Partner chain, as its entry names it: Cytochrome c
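Below, in structure tokens: the form solved without the partner chain, a single chain.
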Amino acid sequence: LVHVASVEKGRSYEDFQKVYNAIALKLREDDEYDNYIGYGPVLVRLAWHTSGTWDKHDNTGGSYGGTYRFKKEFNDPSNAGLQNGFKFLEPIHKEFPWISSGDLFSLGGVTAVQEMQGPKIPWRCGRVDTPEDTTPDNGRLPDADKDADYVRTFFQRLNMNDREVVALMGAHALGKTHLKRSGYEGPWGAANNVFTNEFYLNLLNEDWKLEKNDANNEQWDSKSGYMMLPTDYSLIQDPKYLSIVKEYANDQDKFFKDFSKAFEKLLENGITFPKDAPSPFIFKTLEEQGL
């Protein structure tokens, strides 16, 4: 199936900047969530999980249809906790009922990265809601207890290469693992609601010990109180991933640029943009607007 981007009728960059801004203002206001981490990280994860169901082989799943709104997908065990991002976005959608679900979930992620001082992420509109029977089955999102070979093969289905995978994984600077959600517990670093290359620095520089958590799963833990999932740690076990980890640990701008590209790509897999579609939008942050 072909999913052609269709601009919400009559809307232009200013309309979407208003949605951006409303997301960004609520991110600022609703600051208590998750022990004052705030909603930035879970909005980034929501954008990724609503996009990461894509299968390049038949164009099923992906961000276009906004299918997370249907119970099969919002109740995927892999999506445990993302209901908090959805509830956050609900008043946004009520204020701007014209935006499609896929456009709102993906825009939430863009807005979160940027408001957390991350790179600009160009964003295109035009996702169109598709019906309940287009919701992908559970099981397309990745397991965390696996090795580098798993990770590499997993991400081929999303048409991501080694550099794109290592870049995307840098989002694990943000937020934390929650035992009751995923069976893993702990943050990956100190700056977990500011977008930086800390994930790579911690991988290389902390002294990691392989421990079992209280759900009886293995994870890597440091004396600083940080953790890494087995799939995170695989990025320094595999020599190809390791090289790229070192690159991003040593060049913040390069990480920003590569993350931006990969994240836009993730959010756009499966969508065909007509030749005369609008160019991608780059939203101003609240700070850049003086708001």
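Numbering follows the first chain given and starts at 1.
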226-234 versus 24-32 - greater average Cα B-factor per the deposited record
24-32
Mean temperature factor over C-alpha atoms, higher-scoring stretch between 146-154 and 126-134
126-134
Just grab whichever of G175, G102, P91, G108 has the top CA B-factor as deposited.
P91
In this PDB entry, which of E115, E198, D162, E73 has the top CA B-factor?
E73
Split the chain's modelled residues into thirds by Cα B-factor; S243 lands in the middle
Should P187 be placed in the lowest, middle or highest third of its chain by the C-alpha B factor in the entry?
middle
In terms of the chain's CA B-factor thirds, is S63 lowest, middle or highest?
lowest
Which third of the chain holds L141 when residues are ordered by C-alpha B factor: lowest, middle or highest?
middle
Chain third (lowest, middle, highest) by recorded CA B-factor, residue given as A277
highest
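Although it is not shown, the form deposited with the partner chain bound is what the next lines describe.
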Please pick, from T177, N79, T135, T196, the one residue with any non-hydrogen atom lying within 4.5 angstroms of the partner chain in the deposited complex.
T196
Candidate spot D31, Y36 and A191, all three in 4.5 Å heavy atom range of the partner chain in the deposited complex?
yes
Stretch in contact, per heavy atom within 4.5 angstroms of the partner chain in the deposited complex, of 105-113, 163-171, 126-134, 183-191:
183-191
